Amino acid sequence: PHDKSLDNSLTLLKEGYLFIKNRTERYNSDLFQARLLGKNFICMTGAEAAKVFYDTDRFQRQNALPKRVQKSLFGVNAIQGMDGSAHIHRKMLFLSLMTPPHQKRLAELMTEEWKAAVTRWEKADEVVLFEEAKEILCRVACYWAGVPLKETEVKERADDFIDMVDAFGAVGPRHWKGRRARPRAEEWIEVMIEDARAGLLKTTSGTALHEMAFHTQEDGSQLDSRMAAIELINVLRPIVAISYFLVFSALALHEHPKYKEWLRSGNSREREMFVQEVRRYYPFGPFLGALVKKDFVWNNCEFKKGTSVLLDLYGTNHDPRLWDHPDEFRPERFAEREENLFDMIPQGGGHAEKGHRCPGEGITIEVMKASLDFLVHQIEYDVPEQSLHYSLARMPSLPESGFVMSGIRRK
């Protein structure tokens, strides 16, 4: 099929997470052609389509997206835009800092932070979850990474990380906030990398700050100071971005009350299932872009070298073919469900060691479970009159108020 509208980029901004899905459903097809982001695109959805999108013999990520994404969200010429052995090499760096051990450690640091926070929340009237999550996440991320952070900087660093995240799919003021935060963050971290390399800053083998500063490329040389900084930021920023998910989890509890008790009469088993469903059900990652690097045919389409393609993350997560009642929050659906690498792709598909799939997925899940645990067992609270509406057009999305909690008491 071929949408020939000449304003599809504009429509993409108005429809956001539903742009691809509205059409694939309209054309009764898992693929369609369109002119987007100033390029000739093929948009696809579904697990099968995801499997092809991740075939690295047919797709490359270099030059696949407008540079505006690199100048806000990613950092210029970083891991997201690399291909081949070089990508895999650097990808191994990231992965080595996200193994189960680091995961466990980050969950641990979060559990401690939430416990301590109870003391202050009990004394406050209201608390904005998003705001509290960003700061705790930024505190933990930096400590675990060995990145010095003075209490006076916390808010400012956390705020800068979110501005980058919030600018990825925006135009205007929202996008500019990201353009201005990235250089502040980069210089801040670049100076640390350099201090570390001169031995003027204590670093610990095994920590992100350390590994990024001393990492060696396939050619034996260290990354440039700027790049090492950009890459450490691609570790820190995303951890702080977990705040969006933490908030959707609280939203889920509030909008679907039964699960609060469901969790309570439950184990970690049920927390896992709830967290899985939060990531599948709520919008965060919209779609991924790549370029056809060698002609091929799939599902009766001809992908020609040089063509841009968008893989629909959100739509796929809501595909009835693999998810019964896909538009409803039901962590029960995960009841001993077999793990699959493409039926659900909120953080990418395939294998993280064989593609660009998110290497921080385990960390995301463990931090989400630890945080969920806190909301369900460590405190009691009310959810006052507020705007909890989240947009499917706005990218990224977040319950409007940031999720205000009041009357907080230790349980």
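Don't overthink the numbering: it's just position in the shown sequence, from 1.
Just going by the entry, 110-118 versus 301-309 on mean CA temperature factor gives the higher value to 301-309. Two stretches are in play, 180-188 and 212-220, and the higher mean C-alpha B-factor belongs to 212-220.
In this structure the maximum Cα B-factor among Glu231, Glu135, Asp166, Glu332 is found at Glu332.
Within the selection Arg157, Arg197, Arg279, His254, the deposited Cα B-factor values reach their highest point at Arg197. In the deposited entry, the Cα temperature factor of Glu385 places it in the middle third of its chain's modelled residues. Sorting the modelled residues of the chain by their CA temperature factor places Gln70 in the middle third. The PDB entry assigns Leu13 a C-alpha temperature factor belonging to the highest third of its chain's modelled residues. Among the modelled residues of the chain, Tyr27 sits in the highest third by CA temperature factor in this PDB entry.
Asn40 sits in the highest third of its chain by CA B factor, as recorded in the PDB entry.
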